[PDB]
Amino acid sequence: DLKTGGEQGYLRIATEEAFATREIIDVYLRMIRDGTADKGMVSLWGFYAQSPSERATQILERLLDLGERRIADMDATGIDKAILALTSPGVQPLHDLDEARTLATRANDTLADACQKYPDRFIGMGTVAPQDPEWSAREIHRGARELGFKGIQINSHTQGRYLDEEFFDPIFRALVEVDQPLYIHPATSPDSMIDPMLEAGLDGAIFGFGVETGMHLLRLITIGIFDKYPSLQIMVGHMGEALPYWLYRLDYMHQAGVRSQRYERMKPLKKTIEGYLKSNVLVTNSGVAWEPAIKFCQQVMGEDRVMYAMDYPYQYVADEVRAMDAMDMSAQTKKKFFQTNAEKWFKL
């Protein structure tokens, strides 16, 4: 009952879909073995790459496939197109810059090859190495102009550092030059923040992912990234990492902080936080196949700014697709949500 081809009145374009390369997963394993992995890596990838559980082993196998098996899984859930990115944390944790750039290059060329082979099914977002912002800028050039990619995905922090630092500016300069979106995907929190979450089993997707990612998007908003770069669009998954829900409180407390001069890095902005959510931020529902949360986001940010995502293979659930197809929404809204918003914002 879930079919490709758009007969139900829209294509299903899934906008937060993951893959891995074996050589990068082997680096994570090396890091865990040699003690250079951070606590988040040990937690996340010591689980996914090593647990014998059904969940981990299926995720690992699915991540590594970029062909007929992934296509079969998409066919079986009626997914027309998938926007693919290297799974978190990509090469961001790597201490050897030459190794990070090499592996990122390879992962990008691997993705490009797959998209060339399945051009009606797979759409690519590039991976970068923000450890090297200037290289990353050139890799943004290459993905947009040579590889056919539609943007980049950054897996939140790089070695405990956030994108609001001036150090990272070449990434933003390059994105606005090629006029492509940035997708800030979660990662585990850095060692400076993870301990109370990790000790309770909360460091991953259940909680810590949202803390890390929402903090990252928020600190970019509050540093004025969209005043510096008014064309820039930043996408986040998981229903906006709670930011839409907190909006009233964000704006109230932002304004209080600005006016009171409480903080060096919180100065006046040209728009409210609400205003940036309406003009510069875009949200997917990855992991949140939940009609009230989706409708809430659509109401707060505008229906044109909210997109369907599956989060394959971390959350591959046919009944979720069925629930999304069944939502109490107009045909027109549902087509935006499943298809045409993604067509617009990713320039498909």
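For every residue, the number given is its place in the sequence shown, counted from 1.
Higher mean CA temperature factor, per the PDB entry, when comparing 258-266 with 234-242: 258-266.
As the entry records it, the average C-alpha temperature factor is higher for 95-103, out of 243-251 and 95-103. Of the candidates 184, 221, 128, 193, it is 193 whose Cα B-factor is highest according to the PDB record. In the deposited entry, the Cα temperature factor of residue 25 sits in the middle third of values across the chain's modelled residues. When the CA B factors of the chain's modelled residues are split into thirds, the value for residue 8 lands in the highest one.
Annotation for residue 62: C-alpha temperature factor in the middle third relative to the rest of the modelled chain, per the entry. In this PDB entry, residue 229 carries a Cα temperature factor that places it within the middle third of its chain's modelled residues.
When all modelled residues of the chain are sorted by CA temperature factor, residue 308 is found within the lowest third.
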